[PDB]
Amino acid sequence: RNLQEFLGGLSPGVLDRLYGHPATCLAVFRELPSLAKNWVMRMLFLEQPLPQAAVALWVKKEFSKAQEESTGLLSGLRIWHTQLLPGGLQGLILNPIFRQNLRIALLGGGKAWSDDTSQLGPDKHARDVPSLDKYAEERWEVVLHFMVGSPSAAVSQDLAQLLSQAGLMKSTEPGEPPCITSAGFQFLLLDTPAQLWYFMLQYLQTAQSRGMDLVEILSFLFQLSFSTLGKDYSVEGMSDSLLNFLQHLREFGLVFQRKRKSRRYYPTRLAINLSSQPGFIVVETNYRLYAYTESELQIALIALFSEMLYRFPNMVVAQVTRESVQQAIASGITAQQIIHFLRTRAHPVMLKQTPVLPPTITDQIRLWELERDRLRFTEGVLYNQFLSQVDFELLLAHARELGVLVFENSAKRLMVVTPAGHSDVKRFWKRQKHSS
Amino acid sequence: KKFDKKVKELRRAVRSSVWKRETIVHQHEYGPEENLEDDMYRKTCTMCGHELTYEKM
């Protein structure tokens with residue numbers, strides 16, 4: 001799921017409380033479509049509602065579908081609310097709180113998002129941007145290795161429980177380590193910003209168990225999203241629970257902090273990328289992958305759907321075979337996920353070509369994917385004992401009404417239904433003959 | 001040898017036009033049904049010994 005889907009199901013009060021922070025409003029505005037942004041900007045400096053027809057006349061008739069979609073999305077997000085214009089007309093005006101916060105974020109005004117940074121002076125143990133990036137990469141690699149099950153990576157108990165609640169890994173028995181499921185493989189194949197966003201969404205969903213304020217967590221996350229890289233921020237000014245949540249972020253690599261009691265925290269590159277690098281995989285027409293990577297995580301991920309051939313100290317040469325792709329699919333990974341992963345990790349050299357990946361390789365992978373699903377199997381019960389067409393039609397209509405029909409053929413008067421509905425169909429058939 | 005070749009080249013021409021159907025029809029012509037326990041009915045094919053067991057409502 002995406003941000004818009006998550007925000008659609010929230011109550012109006014929660015949405016209004018979210019708009020109280022300028023950082024949240026900017027993120028919501030950037031998540032809007034291109035057409036919606038122009039409407040928001042035009043209505044930013046308006047103190048009076050506008051007629052619905054006047055707004056509808058801005059976009060041409062041919063692109064009315066995009067206008068309708070944008071209007072529906074804005075109404076669902078409650079960015080604007082319809083106003084009862086005098087004379088029976090309907091006026092459209094943006095939410096005053098959202099508009100005020102957006103103007104504060106853009107034009108200026110009010111207090112800063114962070115309390116202060118120069119009160120405590122320069123950090124005694126400050127790090128650099130490459131160090132923060134290395135720390136974030138190490139944390140993410142440790143998390144993903146713990147997802148795989150490598151003993152070298154050990155995380156906190158609550159983090160492991162969160163993965164179990166997310167369904168990526170299941171713990172069949174207490175004490176024994178959980179096993180990664182197909183959903184875990186799909187999560188691994190996802191892009192890093194997508195993985196971070198999915199993990200944050202799962203955290204937000206499970207936050208209701210801990211009784212934490214969703215609005216505060218969302219506002220803090222959005223503030224971290226726009227935070228400048230390499231600049232510390234004041235820990236003070238936050239509730240006790242949020243700091244605890246921040247500690248979990250410290251385990252996730254999004255936020256770096258020297259000590260729990262330290263008053264300085266440095267947002268990392270991964271935290272910035274959460275709101276939204278060059279790729280290290282070269283794909284050749286002969287079904288060969290050349291990866292410029294050294295960490296065991298990427299090697300394992302590539303070996304999930306490919307056969308390894310050579311491992312030079314700074315290079316990995318692998319071959320994409322039919323058997324490897326079939327094994328990966330049997331593991332639960334679809335071809336679309338593999339193609340997306342290859343495109344995301346594609347080397348910058350391959351970006352020169354008009355297609356990111358050669359069409360032949362993608363077509364071959366997709367065809368290999370369809371090989372497993374070529375045969376369709378449906379367990380059920382077949383009825384072929386119809387003496388008359390009229391009797392067959394009534395039973396077929398009853399089965400369709402029950403919604404247990406699998407296959408119908410009026411030409412030969414043969415039908416196939418689910419075993420669960422077989423008892424109901426038999427009871428219906430007996431009643432028709434007995435009552436006759 | 002030329003005489004043998006020129007008669008062989010037309011020997012099989014008439015032969016190839018004799019046979020018409022190659023695939024053998026495998027229609028299952030079941031005989032009378034046999035009633036077993038639990039309302040089971042079994043039909044035995046007289047062409048290949050094929051057996052079909054079903055339940056009649």
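Read-outs: derived from the displayed coordinates by stated rules, not from any lab. Neighbour counts are summed over all protein chains in view; Cβ atoms, including those assigned to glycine, are modelled from backbone coordinates with ideal geometry.
Structural remarks
- Criterion: assigned to a strand (DSSP E or B), more than 14 Å from chain A (Cβ to nearest Cβ) and more than 28 Å from A:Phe428 (Cα to Cα) - qualifying residue of B:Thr44, B:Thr23: B:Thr44
- Only one of the numbered conditions (1) more than 29 Å from the chain's Cα centre (by Cα); (2) surrounded by fewer than 10 Cβ atoms within 10 Å (Cβ to Cβ) is not met by B:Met57, and that is (2).
- Residue that is touching a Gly at 6+ places or on another chain (Cβ under 6 Å) and either away from chain B (no Cβ under 14 Å) or farther than 22 Å from A:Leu301 by Cα (or both), where the choices are A:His347, A:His340, A:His422: A:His347
- Of the residues A:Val381, A:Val390, the single one that is within 14 Å of chain B (Cβ to nearest Cβ) and more than 30 Å from A:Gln195 (Cβ to Cβ) is A:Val381.
- Helices (runs of 4 or more DSSP H) enclosed by segment A:1-110 - at least 3 residues per element that are under 23 Å from the mean Cα position of the chain (by Cα) and surrounded by fewer than 16 Cβ atoms within 10 Å (Cβ to Cβ): A:3-8, A:64-77
- The listed residue being among the basic types (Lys, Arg), away from chain B (no Cβ under 14 Å) and either on the phi > 0 side of the Ramachandran plot or surrounded by 13 or more Cβ atoms within 10 Å (Cβ to Cβ) (or both), out of A:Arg372, A:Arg413: A:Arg413
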